[PDB]
Each structure stands twice: as structure tokens, then as C-alpha cells.
Amino acid sequence: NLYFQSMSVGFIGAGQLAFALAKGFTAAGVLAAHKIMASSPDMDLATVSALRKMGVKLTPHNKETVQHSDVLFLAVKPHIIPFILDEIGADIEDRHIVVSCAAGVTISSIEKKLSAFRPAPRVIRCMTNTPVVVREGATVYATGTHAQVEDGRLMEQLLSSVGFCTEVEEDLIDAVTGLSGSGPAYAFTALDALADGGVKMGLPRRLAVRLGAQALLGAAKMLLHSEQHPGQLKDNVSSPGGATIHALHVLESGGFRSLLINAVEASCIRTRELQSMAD
Amino acid sequence: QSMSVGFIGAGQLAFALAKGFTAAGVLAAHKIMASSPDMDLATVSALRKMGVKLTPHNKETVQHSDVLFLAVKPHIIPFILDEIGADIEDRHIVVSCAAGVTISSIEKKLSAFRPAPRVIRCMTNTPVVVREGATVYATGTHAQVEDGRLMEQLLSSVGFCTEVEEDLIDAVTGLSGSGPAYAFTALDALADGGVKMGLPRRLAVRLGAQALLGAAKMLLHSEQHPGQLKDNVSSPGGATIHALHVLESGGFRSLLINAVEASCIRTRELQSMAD
Amino acid sequence: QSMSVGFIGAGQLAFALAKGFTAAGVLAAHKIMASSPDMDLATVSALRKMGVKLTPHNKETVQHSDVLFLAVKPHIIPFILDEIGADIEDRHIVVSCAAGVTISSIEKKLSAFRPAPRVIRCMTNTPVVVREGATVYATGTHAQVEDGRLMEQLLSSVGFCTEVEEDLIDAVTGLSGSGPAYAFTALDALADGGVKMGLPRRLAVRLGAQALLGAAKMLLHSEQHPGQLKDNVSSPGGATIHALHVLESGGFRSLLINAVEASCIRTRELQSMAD
Amino acid sequence: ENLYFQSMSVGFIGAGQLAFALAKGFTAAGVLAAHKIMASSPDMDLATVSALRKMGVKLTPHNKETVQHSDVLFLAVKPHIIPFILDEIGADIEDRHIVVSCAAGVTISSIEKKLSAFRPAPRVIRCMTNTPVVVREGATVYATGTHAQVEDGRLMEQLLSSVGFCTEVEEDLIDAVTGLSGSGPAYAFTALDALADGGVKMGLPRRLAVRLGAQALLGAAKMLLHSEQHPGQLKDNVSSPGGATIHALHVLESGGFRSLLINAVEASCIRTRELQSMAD
Amino acid sequence: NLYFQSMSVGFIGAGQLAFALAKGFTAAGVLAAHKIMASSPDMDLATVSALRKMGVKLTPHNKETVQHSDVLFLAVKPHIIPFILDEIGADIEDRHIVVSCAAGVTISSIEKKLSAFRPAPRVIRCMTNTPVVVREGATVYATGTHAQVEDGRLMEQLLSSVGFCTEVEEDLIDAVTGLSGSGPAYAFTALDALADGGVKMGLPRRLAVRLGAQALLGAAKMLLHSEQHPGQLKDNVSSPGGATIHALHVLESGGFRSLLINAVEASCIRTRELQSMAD
Ligand SMILES: O=C(O)c1cccc(C(=O)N2CCOC3(CCCC3)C2)c1
Ligand SMILES: O=C(O)c1cccc(C(=O)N2CCOC3(CCCC3)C2)c1
Ligand SMILES: O=C(O)c1cccc(C(=O)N2CCOC3(CCCC3)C2)c1
Ligand SMILES: O=C(O)c1cccc(C(=O)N2CCOC3(CCCC3)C2)c1
Ligand SMILES: O=C(O)c1cccc(C(=O)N2CCOC3(CCCC3)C2)c1
């Protein structure tokens with residue numbers, strides 16, 4: 001029964017993430033789509049037409065988004081962020097909470113840009129993912145220097161309506177990016193390959209896609225609802241001598257575990273080095 | 001269009017572009033001049049048979065042309081610019097085709113002679129010779145708006161053409177600039193596979209090339225993801241899905257990623273040595 | 001040509017062939033009938049919009065057609081033949097498109113009903129949908145000479161078409177039958193490489209597809225070996241030769257050979273289980 | 001021919017593999033009398049030195065004697081010795097001399113820098129050849145230095161053409177040539193040993209396997225040199241569909257055979273560059 | 001000063017091998033092209049037009065080749081051989097020496113086919129290669145049951161004019177096929193790759209091809225003219241610490257030697273299994 005009656009939400013950027021969050025927020029009932037405004041440099045975007053069908057207010061002018069909004073999501077790619085902050089920095093007011101969703105971009109760098117216009121900007125950095133579109137996102141956030149205690153509780157309230165949300169120290173966020181920020185892409189890759197496996201063994205493609213995704217969803221839910229180690233759940237499922245343990249062996253023989261460690265590492269490191277040359 | 005075109009360089013790219021332009025009918029061969037440091041080249045004799053004017057003097061090409069293509073290798077561009085920079089006039093549009101060479105470096109060399117050189121950077125590929133090239137271009141500091149439109153009109157006649165930001169061109173080089181070479185390697189290997197399985201070489205080459213051509217045309221005319229088109233074609237339990245698995249087991253996908261990356265990085269690396 | 005064509009099967013291949021035939025203008029949609037065990041298929045609704053007649057009864061397709069394409073999966077052919085064999089008349093030409101299924105097995109099933117069935121075996125691919133398919137065919141024991149000419153005239157309108165000995169068709173399956181799937185995988189990976197290097201996905205997909213299309217067209221229009229065209233495009237020390245090296249270091253060539261082989265062998269393996 | 005009647009005196013600083021190979025090639029071609037060649041070595045107990053003496057080549061421990069004897073002076077020592085050599089005999093280089101450096105990596109600039117401290121216009125040529133000059137099938141390239149006369153490059157080309165292929169290149173190509181034809185014979189000897197092992201594994205006597213493999217590679221190289229055809233086209237021509245040869249080519253591709261040879265050319269070239277960088 | 005004045009040579013098949021041998025034989029002066037006849041099922045072949053320019057007599061009818069010839073080369077692919085022997089078997093006479101160049105096909109199988117028509121057919125099996133076209137072929141031969149001692153000496157005389165030639169036991173020929181029969185293809189592959197290496201390091205392609213081929217030719221000639229082991233010649237060329245030994249290491253690290261052993265083995269085994277299903 002949550003609803004933010006006095007909150008105007010704006011999205012700088014009207015791409016995948018802004019659509020996913022707006023869809024999630026409105027599906028959760030916590031915001032009315034007409035109380036959301038999004039701005040985009042290209043109004044001929046599929047996500048822009050989708051946001052328009054929802055009822056979200058759309059504008060080409062970032063300044064209009066800022067003037068309309070209380071909570072302002074920077075739903076743009078990391079290299080776009082400093083241009084956004086140069087453009088609208090003079091329009092930030094006391095009432096604004098600026099929530100950056102861009103990978104790598106530090107609170108420090110945002111505060112430095114905005115503080116040249118107005119001292120004490122209220123900044124929150126988050127890392128979320130596109131499954132907020134089905135209210136199963138994974139979100140972490142860190143509060144900035146001048147964010148009030150109410151600002152982080154508010155943002156946790158809002159972001160918890162579309163998935164898991166928790167506060168973290170800012171120095172964990174690049175690693176979260178490599179795990180849950182990039183994670184859905186790993187899963188989509190795995191599901192495409194699992195479906196190829198089912199097709200190779202004779203399943204129709206549509207059934208193999210449905211079954212693979214359902215297996216992954218159910219297993220993740222089993223882990224989330226269990227107090228047990230993922231190795232224990234794996235043990236419970238592998239009958240001695242059986243089909244599953246034979247398949248687990250061929251995964252081990254290819255270094256399956258190491259590839260996923262490799263992926264989280266590679267995404268984290270790339271996130272860190274993008275900001276290093278930004279800074 | 002009364003327009004005169006010149007090529008500094010008379011090698012593979014100048015031949016491919018002149019053949020495509022004249023086949024498209026956007027240009028008559030007699031409105032094209034090319035220049036080369038070696039006039040005994042196979043490409044030079046071919047350009048002559050088509051009716052292109054030829055000269056050993058880069059300066060004559062400059063004085064002939066309105067649109068001047070620099071169709072030489074990247075390390076030769078600075079020599080060309082020092083040689084012909086004093087001859088560049090207001091009317092000229094200088095189109096650099098060299099991998100890696102930035103608009104900035106070209107404008108700097110030419111501005112020492114005349115203040116506002118009109119410079120366009122492109123990356124094309126040799127399939128322009130059959131009017132199926134892939135071309136991107138970026139407009140320079142002093143390029144007029146009609147200059148980029150003229151360029152896109154010309155290059156669209158021999159393939160795909162679009163304007164990009166200059167910072168995308170090195171990556172495009174790794175994808176469509178080097179791309180034909182990846183395809184030629186793949187077609188040779190596919191034919192070897194057909195021959196291993198019993199096909200005559202001539203038939204295996206033709207079938208493999210036709211398969212890649214048709215598949216690429218399907219994707220271009222489809223709104224569908226290439227994985228969806230792959231799914232459509234993989235009968236459960238069948239021959240195609242068995243072959244896809246052995247490609248996956250070799251990391252086929254990663255090798256093509258590796259190649260785009262290596263070409264792009266080498267392109268950037270060569271320009272860093274230039275500057 | 002007053003000719004009536006039928007498709008047993010209303011899936012990907014029947015759609016692709018009907019779309020190509022009618023786009024070529026060799027056939028009007030109203031002269032084509034297709035039949036399917038499931039009438040709620042996307043391909044079936046598409047065929048309907050084009051103007052193809054549709055029916056759930058294979059027998060109605062047989063009675064409509066002069067040329068009857070069997071556009072079903074290999075394991076379904078024997079069921080089709082038992083269902084419709086009593087309906088095959090002297091006028092019919094039965095064209096099997098199924099991978100692996102031999103003319104011998106088809107003639108044996110149909111000869112139990114009428115003595116001299118006219119049977120043609122082909123292997124085509126779905127790029128017929130954009131009139132760039134690759135097709136081979138072999139004529140059966142009772143096929144008239146005009147039957148193979150009619151077939152080649154029809155299939156040449158939607159791509160490359162040539163007659164082969166039947167013992168080449170399983171290998172052709174591994175090359176051009178599965179080939180588009182290899183290309184779709186390669187194009188997805190090439191686009192990933194372009195995206196890794198900074199390109200937007202939409203542009204990377206377009207450039208990669210255009211590069212493969214143009215390269216394949218170059219090879220088809222060239223008398224030159226694909227290694228020569230590769231040599232022409234590899235500037236010494238440059239980006240392209242660096243990328244070719246990383247392809248070679250992965251055994252890129254061997255993976256494509258592996259794929260043709262695996263598809264061919266699986267095709268042969270499926271027919272051995274049939275017989 | 002006319003080179004012989006020119007009665008050129010030739011010197012090698014170095015009495016090793018290359019000096020033997022070039023001396024043997026030059027004398028077999030009849031361009032030089034063995035006794036018009038002089039070679040110097042710091043180690044006169046080498047096997048190549050005993051072979052040079054048997055040929056009738058003059059041997060001396062003093063590099064100065066080689067220089068004073070010579071009209072054309074080959075620097076046939078390992079790269080790291082060259083700067084020591086130029087210090088020692090630089091005062092003895094005369095205007096009549098052509099100095100031909102054979103050392104991998106060593107630039108004309110570094111040679112001219114040393115020699116120019118003595119006479120102002122040393123005539124320097126840089127070359128990269130290989131040991132098959134010994135059977136007059138060498139692969140040689142050369143680049144002419146700042147003060148090499150046009151006739152010096154022609155004389156060099158005439159002389160090195162008597163023992164194999166010879167062509168002028170820009171100097172910036174020579175390190176890559178080193179990785180390809182300079183080291184190339186060692187790649188071939190490795191390949192011939194392995195092909196012989198393969199013949200022996202399949203039941204052939206070693207002597208026959210060695211002879212057949214070497215003849216195969218000789219005939220194939222000659223076929224290509226005399227062909228107007230791409231090597232892939234010649235490969236296509238001899239790969240019968242479904243046959244033995246295409247099956248064997250597949251197992252070569254599966255091991256990345258092509259990439260290993262590219263790796264080798266690159267490694268030799270890169271090592272050649274880094275040896276010169278350590279020197280300078 | 002060799003010349004076979006009373007010998008009529010015929011080629012069944014007018015492909016790569018028949019062209020290579022005819023070119024080699026005429027270049028060696030040992031045969032006049034007009035005393036050679038070749039037959040082909042497809043007279044629109046590049047090799048057929050080439051043979052016609054040489055002056056070789058061309059015919060579509062294998063029976064005409066047989067009637068014209070004393071020495072009859074079966075220059076056809078192995079699966080074609082039994083059809084040739086069925087076609088012309090009744091035309092073989094006492095005067096004929098039948099020389100099969102097909103991989104895998106045994107003397108025994110040829111003699112069985114021809115003996116149904118006429119007893120004691122004179123059969124020689126050889127394995128040669130296309131470098132006979134530049135008179136540097138590598139040829140082995142085995143004499144059949146009814147071949148006279150003069151027949152093998154004659155064939156050695158003829159085949160020695162276009163390269164190395166020696167008699168072997170028939171049971172070595174499949175292995176020779178994997179070594180020198182397929183060997184030129186290995187070399188063409190190696191030369192293409194070596195040229196790619198030179199191009200990568202900055203050489204023009206034409207120069208890199210010329211230099212690589214010259215290196216391979218010179219090294220093979222060095223080995224043929226030396227009494228020394230190929231490892232010794234390799235030792236003589238690798239200076240301590242130098243460019244060549246560095247390159248040899250990267251070949252060893254990739255298992256270079258094992259790939260060539262793999263190739264000879266694979267070609268030999270495929271040759272044996274082609275004949276096994278033939279027989
Ligand atoms: O061979 C296997 O790995 C396997 C895979 C799937 C199902 C089963 C099977 O037969 N099941 C009956 C009851 O117990 C099970 C749950 C834990 C293991 C067995 C499911 C076994
Ligand atoms: O570094 C490379 O490999 C590369 C890749 C793409 C383009 C170019 C480049 O600069 N080009 C201008 C001169 O003509 C060319 C046609 C083929 C070779 C050269 C294209 C070089
Ligand atoms: O075993 C396979 O993978 C395969 C490969 C090529 C062709 C066919 C085959 O029999 N076809 C008739 C039915 O429609 C098709 C279009 C795409 C799937 C089926 C082609 C199957
Ligand atoms: O199975 C193979 O790969 C193979 C290997 C060696 C020899 C032959 C063979 O039978 N030959 C008869 C005539 O033509 C040939 C030269 C070009 C291909 C065929 C030699 C076939
Ligand atoms: O670094 C290497 O491997 C290498 C490669 C090519 C040439 C040379 C070089 O400088 N040479 C001068 C005289 O001795 C040589 C013959 C045997 C080894 C050295 C050629 C060294």
C-alpha cells in the first residue's frame with residue numbers, strides 16, 4: 001500500500017533503464033505514469049514510444065525534466081553524465097535528489113560538477129538492472145555527502161518496489177556492477193545456449209527456451225528462499241550415477257565456474273578503468 | 001553533376017571505387033583522374049581500360065579534381081599532404097580513406113597552406129567494386145553541410161553509407177574495413193570443408209559464397225535478431241544444430257570478436273605512432 | 001506457365017520459397033497451395049496474407065498441384081508419402097526438400113501405389129526468401145528431362161541452382177544447407193565485436209552484414225581465389241593482417257571445416273536411422 | 001663471367017657458417033677463385049675454418065689483413081660483435097671499399113656512424129641472405145647506404161644473384177625479411193625432420209622418408225615460383241574431393257598450422273628488432 | 001640424351017596430373033607432345049586446353065587412347081579406376097604397360113579386373129605428384145605380377161626424367177602418398193602462411209611469397225645435397241640467443257612437428273580406408 005503522493009520523478013535519458021524503471025514503478029502502483037517525465041536527445045526511440053504509451057510525459061529538453069522533478073534519475077551511459085551535469089547543473093535546486101545510475105561514475109565526481117553551481121547537492125549513486133521492468137531488479141545504492149537520512153530511506157523505499165534493494169558503501173558498487181549489473185546479460189547468454197542444447201537433443205526451440213528460463217528462475221528462487229549453500233542444493237539434486245552429475249562433470253571439465261568468475265572480474269575492472277580515464 | 005573526381009593512389013581502393021562509381025552511372029570514367037608512383041601496376045592498367053585518366057603527378061590530379069580521394073595507405077597520407085597541400089583550393093573536398101588518420105592531422109597539415117580545408121574522413125571497403133560496399137564518413141571542421149550530403153550521395157551509389165562521429169571510425173575499420181578479409185578466409189575454409197566431404201572445389205566455393213551472400217541479405221532485409229534467424233533454421237536434433245555446436249566448442253564467436261578488436265586496436269596503434 | 005505448385009508443409013521453407021517465387025514473378029500466389037498440421041503457425045498466417053491458398057488436408061494440396069514440394073522435416077517424409085501416395089498421379093512431380101532422404105526411399109514408398117513416380121531431390125536454403133538461395137537438385141529414375149529443366153528454371157528464379165549427382169547432396173547440406181546458420185552466428189559475433197569496440201549495436205549489425213554480403217558478392221563476381229582477394233585487402237603491417245592472425249591462432253578455418261563435416265555426417269546418420 | 005675477369009678480392013670478417021656458405025656458393029658459381037677470398041676468425045679451431053682452408057680460402061687471425069686484402073668486405077659476424085669490429089678496423093676502410101654488412105638487425109646508420117669518424121663517405125650496403133647460398137639457391141635482399149654508388153648496388157646484385165635470388169629493398173623491410181627468409185631454412189629443416197618422422201611412423205624407412213619429404217618441398221616451392229598462381233589455388237588443384245590430401249590439410253588446420261608459421265616469422269623479426277635496440 | 005623413340009604414351013584422364021606429366025615429359029625432351037594422347041570425359045577443362053596448346057593429341061574416347069598407346073597412364077581419381085578398367089579392359093593387348101597413378105588402388109585389384117579379359121596384364125602402380133610439371137616430382141613405383149624386368153626399368157627411366165624416382169615394395173605406397181603425394185599441399189599451405197607472416201611484419205605480399213618459396217626451395221636442396229641430418233642443418237643456422245632460435249621455440253610451443261606427423265598419418269590412413277571400402 002505504498003504510494004509517493006508528493007513525489008515528481010524525472011528521467012534524464014529515455015532508454016532501456018528509464019523505461020524499465022518507469023514500467024516497474026507504475027506496475028508497483030507507487031507512481032502514476034503522468035507524474036513521471038523523461039527526456040531524450042532522440043525522440044525517435046523505441047523506448048520513447050513505449051514510455052509514451054504508458055502515459056509518461058516526454059520532452060526533448062533536459063531542463064524541463066529538471067524543473068518538473070523532485071527525484072532525478074540520470075539514466076544515461078557513463079560518458080554522457082558529465083555533459084548532463086554541465087547542461088543542467090545551474091537548474092538543480094535544494095529540493096532535488098539526483099540519483100545517478102551510470103556505471104563507474106563516482107559520487108565525488110558528480111558532487112564536484114554540481115557544487116560549482118550550488119553547494120550541497122543531494123546525490124545518490126545506484127547500480128540497478130533492467131529486470132526492474134518485471135519488479136525483480138537487483139539494486140544497490142550509496143548516499144552522497146549532502147544526502148539526508150530521509151533521502152536514502154526514500155530511495156530504498158522506491159527501489160525496493162521493483163526488486164531487491166540495499167544500501168552499500170560506494171567502494172562496492174563497481175564490483176556489484178560486474179555481478180548484478182552485467183548479470184542478466186550472462187543469464188540471457190546462458191539461456192540462449194541452454195535452448196541450443198535442448199534443440200540439439202530434439203526439443204522445439206520455443207519449448208526449450210521456456211523450460212530453460214523456468215529452470216533458471218526456479219533455481220534462483222530456491223536459493224533465495226533457502227538458508228542453504230548453493231553447493232548443498234546442487235548436492236540434493238544430483239542422484240548418484242545419474243544424468244545431472246554426468247552433466248555437472250562436463251561443465252567442470254570446461255572450467256565453467258572460472259568463466260563466470262572471469263566475467264564478474266572483467267566487468268568490474270572495465271567499470272573501474274572507464275572511470276579512471278574519465279577522472 | 002559536372003563534378004570532377006580524383007584519386008591520389010591508383011591501387012585496389014581507387015580501382016574499386018572508380019569501377020563502382022562508373023557502374024552505378026553516377027560518374028563517367030572520363031571525369032575521373034588517378035595518380036600513382038608506379039604506373040606499371042595491374043590496377044593502373046585496369047583503370048586505363050575503363051577510361052579513367054591517369055598521370056604520375058599528384059599535382060595534375062589535384063588540378064583536375066573537385067572531390068579528391070586520398071586512396072593511399074595510412075603512412076603515406078602525410079607525404080601526400082606535404083606534396084599537394086600548396087595546390088588545395090577553396091573548391092576542393094579532400095576525402096581521406098586511410099585507416100586511422102584523423103581529420104585533425106589532415107586539417108593541421110593542409111591549414112599550413114590554406115586556412116579552411118574542407119576535409120571528410122571515410123572508411124569504406126573494396127566490395128564497392130560490386131556496389132555492395134560498407135562506408136562511414138565524418139565531416140571535418142570546415143566541411144560545408146552540402147559537402148557531407150554530396151559525399152553520402154556519391155558513396156551510397158556503391159553500397160551502404162552513413163555519417164558517423166569520427167571516434168567510431170577506428171572500430172568500423174575493425175568491423176567492415178577488415179570484414180571482407182574475414183569473409184574471404186571463412187569462404188576458403190568452407191570450401192575446404194565442402195571438398196573434404198566430397199564436393200568439387202568449384203561447386204563448393206560457389207555454394208559457400210552464395211550461402212553467405214544470401215544469409216547476409218536475409219539479415220539486412222529482416223527486422224529479426226540474427227539469433228532468431230539462426231533459431232528458425234536449426235531443425236531440432238538436425239544437421240545444422242550439430243554443426244553449430246562444433247562451432248561453439250571452438251569459440252567461433254570469440255574469434256570474430258578477437259578479430260574486430262585486434263584490427264581496431266592496431267588501427268589506433270598506427271595513428272599513435274603517426275602522431 | 002499455367003503451372004500449379006503445392007507445398008506439403010507450411011513452415012519456414014515453404015514460406016521462403018513461396019515468397020521468393022512470387023517476388024520473382026515466376027508464380028502468382030494464387031497458383032500455390034500449402035498444407036500444415038497446425039494452422040495457427042506464424043508462417044501459415046503469412047502465406048495467407050501473400051495470397052497463397054491454405055488447407056489442413058495434404059490431399060487437397062496434392063489434387064491442386066502439378067509440382068509438389070515436400071517441405072517438411074526429414075523424419076516426416078515417410079508419413080507424408082504413406083498418407084498421399086495413393087493420390088500421386090502421372091502429371092505430378094514430387095520434389096523432396098528434406099535433408100538426407102534419398103530418392104530411392106521416396107521412389108520405393110510411392111511405387112507401391114503407382115509405378116513410375118517422377119521424383120526430384122533438392123537441397124535449398126531459406127535465403128530463397130530474398131531470392132539469393134543456393135539450391136542443388138538430383139533427378140530420379142522416372143523424372144523426364146523436361147522435369148529437371150522445369151525445376152532448374154523455377155529454382156534459379158530465387159537463387160543459384162544447379163543439377164548434381166545425388167551422392168553430393170548430403171555434403172551440400174553441410175555447406176549451403178546449414179551455411180546461413182553459420183553466417184548468422186558469425187554476424188552476431190561480429191556485431192558483438194563492433195559493440196565491444198564502441199559501435200552502437202544497430203550500426204554494428206548493419207556494417208557486419210553488409211561486409212559479408214559485399215565480400216561474398218566480390219568472390220562470386222571474381223575469377224580469383226579467395227586467398228588472392230584476401231591478399232589484395234591485407235595492407236602490410238596493417239589492421240587487417242593483424243586481425244587475420246588472431247583468427248588463424250584460434251583455428252578459425254578448422255572450425256568451419258568441422259561444421260560442414262558435422263552437418264554432413266549428421267545428415268547421413270539420420271538417413272541411416274531412417275533405413 | 002665478367003665478375004671473374006674483374007678479379008675481385010673478397011673479404012669476410014667472420015669465418016663461420018655464412019662465410020663458408022657464401023664462399024662455397026661464390027666458388028661453385030665460378031665468380032671468384034677460392035684463393036681471392038680471405039677470411040678472419042678469432043677462433044681458428046672452428047670446423048667451418050677447416051672447411052674454408054680446404055677450399056683454398058685464405059685465413060688470418062687479423063681483421064686488418066682481411067680489410068687490406070678486400071675490395072668487397074663482408075661483415076659476417078654475429079650482430080653484437082659488429083660495433084667492436086668497426087672500432088678495430090674502421091681506420092683501415094678505404095674509399096675503394098664496399099662494406100657489406102650481413103648481420104641481422106644492424107642498421108646502415110649505425111655502421112655509417114662508426115665508419116664516418118674515419119673516412120667521410122664509407123660505401124655501405126646492408127644485406128640479409130641465408131645459408132642455401134651454399135647450393136646457389138639463396139634468398140638475398142640488400143639496401144644501399146648513403147654513399148653507396150649506383151654501380152655498387154648493381155655489383156652487389158650481380159654477385160649475390162650468382163648464388164640465389166637477389167633483390168634491392170628499402171632498409172626498413174630487412175628485419176621482416178630476416179624473420180621470413182633469413183630464419184626460413186630452419187623452419188624447413190624442422191618441417192622436414194617432422195615429415196620424415198611421420199613417414200617413418202607410417203612404415204617408411206627413414207632414408208626414403210627424408211628424401212621424399214625434401215623432394216616434395218623442393219618441387220612444391222619450385223612449382224609455386226614458376227606458377228602465376230596463388231598458393232591456395234595450387235593447394236586447391238591437388239586436393240581431390242574426399243581424398244587423403246584434404247583430410248591431412250584438415251588436421252593441419254585443426255592445430256593452427258598457419259598461425260604457427262606466422263608466429264615464427266613475427267618472433268624472429270621482433271627478436272631481430274630488439275637485438276638492435278639493445279645495441280642502440 | 002634420353003629419348004623414347006618407339007614409345008607411345010597415353011593418359012586416361014586429362015586433369016592436373018596428366019598435364020603435369022605431359023609437360024614434364026616434353027620439357028625433358030624424352031617425348032614429343034604429338035606422340036602423347038590424352039582422353040577426358042569433359043573436354044571443356046582448363047587442363048585439356050593446356051594440353052592442346054602443347055600439341056598433345058586429345059580425344060573423348062578412352063578406347064582411342066588405349067589403341068594409340070604402349071604405356072598407358074591411369075591419371076584418374078581412385079574411385080574412377082574400376083570404371084576405366086571395365087570400359088577398356090577388353091582393349092588391353094600384350095604390348096600394353098598399364099601404369100596406375102591413383103592413390104590407394106592396389107596392383108591386385110587392377111590385375112583382377114584386367115585378367116577377366118586377358119591373362120597376364122602388365123601393371124605398374126606408382127605414386128607421383130604434380131611438381132613433375134617442373135621436373136622436380138617425387139615418384140615411387142611397384143611392379144605387378146606380370147610386369148617384366150624391362151617394364152620397371154623403362155618406367156624408372158621415364159619417371160626419373162621429371163624428378164626423383166625409385167622402386168618400392170607396394171606396401172609402402174600408401175605411406176608415400178601421405179608424405180610426398182600430399183606433401184606439396186602441405187608446402188603450399190605453409191608458404192601461404194609464411195607469406196602472411198611476412199605481410200604482418202611489413203613486407204609486400206609479392207616479395208613475401210617469393211622469399212618464402214625461395215627459402216623452402218633452398219633449404220630442401222641443402223638437405224638433399226648434404227649427408228647431414230636436418231637437425232644438424234637447423235643447428236648450423238640458429239645463432240645463440242638469435243632471431244631464428246626464438247622463432248623455433250614458438251614453433252615447438254605450438255607442436256609444429258606433431259602437426260606434420262598428424263598430416264602424413266591422416267593422409268596415409270585415409271588412403272588405406274578409401275581402398276578398404278573400394279575392396
Ligand atoms: O539422473 C538424474 O540426475 C535425474 C535427473 C532428473 C530426474 C531424475 C529422477 O529420476 N528423480 C526421481 C526422484 O529423485 C530425483 C530428485 C533428486 C534426484 C532424483 C528426481 C534423475
Ligand atoms: O591497416 C589496414 O589493414 C587497413 C584496413 C582498412 C583500410 C585501410 C586503408 O587505409 N585503405 C586505403 C588504401 O587502400 C586500402 C584497400 C585495401 C588496402 C588499403 C584501404 C587499411
Ligand atoms: O537437419 C537439418 O538441420 C537440416 C538442414 C538443411 C535442411 C533441412 C530440411 O530437411 N528442410 C526441410 C524443412 O524445412 C527446413 C528449413 C529450415 C529447417 C527445415 C529445411 C534440415
Ligand atoms: O586422395 C588424394 O588426395 C590423393 C593424393 C595423391 C594422389 C591422388 C590420386 O589419385 N591422383 C590421380 C590423378 O590426380 C591427382 C593430382 C591431383 C589430385 C589427383 C593424383 C589422390
Ligand atoms: O639471429 C639469427 O638467428 C640470425 C638470422 C639471420 C641472420 C643472422 C646473422 O646475423 N648472420 C651473420 C653470420 O652468421 C649467420 C649464419 C648462421 C647464424 C648467423 C648469419 C642471424
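A note on names: the letters A, B, ... follow the listed sequences, proteins ahead of strands, and every chain is numbered from 1.
- Looking at heavy atoms from C-beta onward, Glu266(D) lies in side-chain contact with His245(C) at the 4.5 angstrom threshold.
- Atom CD of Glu65(D) and atom OG1 of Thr60(D) lie 3.5 Å apart (nearest 0.5 Å).
- The backbone N or O of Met156(D) lies less than 3.5 Å from no partner atom in the side chain of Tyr142(D), so there is not a single donor-acceptor pair.
- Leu180(D) places none of its side-chain heavy atoms less than 4.5 Å from the side chain of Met201(E).
- Looking at heavy atoms from C-beta onward, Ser36(B) lies in side-chain contact with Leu41(B) at the 4.5 angstrom threshold.
- Checking side-chain atoms of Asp235(E) against main-chain N and O of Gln232(E) turns up no donor-acceptor pair under 3.5 Å.
- A donor-acceptor pair under 3.5 Å is absent between the side-chain atoms of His75(B) and the main chain of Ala274(B), judged by distance alone.
- A salt bridge between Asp92(D) and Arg119(D) is absent, with no side-chain N of the basic residue lying under 4.0 Å from a carboxylate O of the acidic one.
- Although no hydrogens or angles enter the test, the distance criterion places no donor-acceptor pair under 3.5 Å between the side chain of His246(E) and the main chain of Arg271(D).
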Working for side-chain contact (heavy atoms from CB on, under 4.5 Å), residues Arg205(E) and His230(D)
CA-CA 11 Å; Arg205(E) 171 71 190 200; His230(D) 195 278; 3.6 Å; yes
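- Smallest separation of non-hydrogen atoms from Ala23(D) and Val57(D): CB-CG2, 4.2 Å.
- In this structure, the ring-ring contact (aromatic ring centres under 6.0 Å, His included) partners of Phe7(B), at least two apart in sequence or on a different chain, are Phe69(B).
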Verify side-chain contact (heavy atoms from CB on, under 4.5 Å) between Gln276(D) and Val106(D), making sure each step is shown before the conclusion.
CA-CA 6 Å; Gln276(D) 183 63 5; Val106(D) 175; 3.8 Å; yes
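- Distance check, rounded to the nearest 0.5 Å: CG of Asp172(D) to OG1 of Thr107(D) gives 12.5 Å.
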Go through the steps to decide whether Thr131(D) and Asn236(E) satisfy the test side-chain contact (heavy atoms from CB on, under 4.5 Å), and finish with yes or no.
CA-CA 9 Å; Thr131(D) 64; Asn236(E) 298 343; over 6 Å; no
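- One finds the OG atom of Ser101(D) at 11.0 Å from the CD1 atom of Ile85(D) (value rounded to the nearest 0.5 Å).
- Closest heavy-atom contact between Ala221(D) and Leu191(E): CA-CD1, 4.3 Å.
- Between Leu244(C) and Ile241(C), some side-chain heavy-atom pair lies under the 4.5 Å cut-off.
- Between the CG atom of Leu70(B) and the CD1 atom of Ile84(B) there is a distance of 6.5 Å, given to the nearest 0.5 Å.
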Would you please test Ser226(E) and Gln228(E) for side chain to side chain donor-acceptor pair (under 3.5 Å) and show each step?
CA-CA 5 Å; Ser226(E) 186; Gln228(E) 294 171 266; 3.0 Å; yes
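- Residue pairs meeting the side-chain hydrogen bond (donor to acceptor under 3.5 Å, both in side chains) criterion with at least one member in residues 16-31 of chain D: none, sequence neighbours excluded.
- For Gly16(D) against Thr48(D), the heavy-atom pair with the smallest separation is CA-OG1, 3.5 Å.
- A salt bridge is defined here as a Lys NZ or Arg NE, NH1 or NH2 lying under 4.0 Å from an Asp or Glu carboxylate O, and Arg123(D) with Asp71(D) fails to meet this definition.
- With hydrogens and angles ignored, the 3.5 Å screen pairs no side-chain donor or acceptor of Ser50(D) with any backbone N or O of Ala47(D).
- Of all heavy-atom pairs between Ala34(B) and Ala10(B), the closest is CB-CB, 4.2 Å.
- Judged by distance alone, the side chain of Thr178(D) and the main-chain N or O of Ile174(D) form a donor-acceptor pair under 3.5 Å.
- The shortest distance between side-chain heavy atoms of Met44(D) and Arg53(D) falls below 4.5 Å.
- Taking 4.5 Å as the limit, every side-chain heavy atom of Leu223(E) sits out of range of all side-chain heavy atoms of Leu218(D).
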Applying salt bridge (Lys or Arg N to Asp or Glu O under 4.0 Å), run through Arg126(D) and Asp175(D) and close with a yes or a no.
CA-CA 11 Å; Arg126(D) 176 174 171 194; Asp175(D) 294 344; 2.8 Å; yes
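- In terms of heavy atoms, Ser181(D) sits closest to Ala215(E) at CA-CB, 4.0 Å.
- Using a 4.5 Å heavy-atom cutoff, the side chains of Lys230(C) and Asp196(E) are in contact.
- Panel note: side chain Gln214(E), backbone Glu137(D); a donor-acceptor pair is recorded below 3.5 Å.
- Residues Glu168(D) and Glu157(D) come closest through the heavy atom pair N-OE1, 4.0 Å.
- Remark: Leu217(D) CG to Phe189(D) CZ distance equals 11.0 Å, nearest 0.5 Å.
- In this structure a side-chain-to-backbone donor-acceptor pair under 3.5 Å is present from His97(D) to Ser70(D).
- For the atom pair CD1 of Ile125(D) and CG of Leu159(D), the computed distance is 10.0 Å after rounding to the nearest 0.5 Å.
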Please report the C-alpha distance between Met55(D) and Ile37(D) in whole Å, then the side-chain angles of each, then the deciding distance to 0.1 Å, and finally whether the side-chain contact (heavy atoms from CB on, under 4.5 Å) criterion is met.
CA-CA 10 Å; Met55(D) 287 185 60; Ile37(D) 308 178; 5.5 Å; no
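- Within the 4.5 Å cutoff, no side-chain heavy atoms of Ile108(D) are placed close to those of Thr144(D).
- For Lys221(E) (side chain) and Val135(D) (main-chain N/O), a donor-acceptor pair under 3.5 Å exists by modelled atom type.
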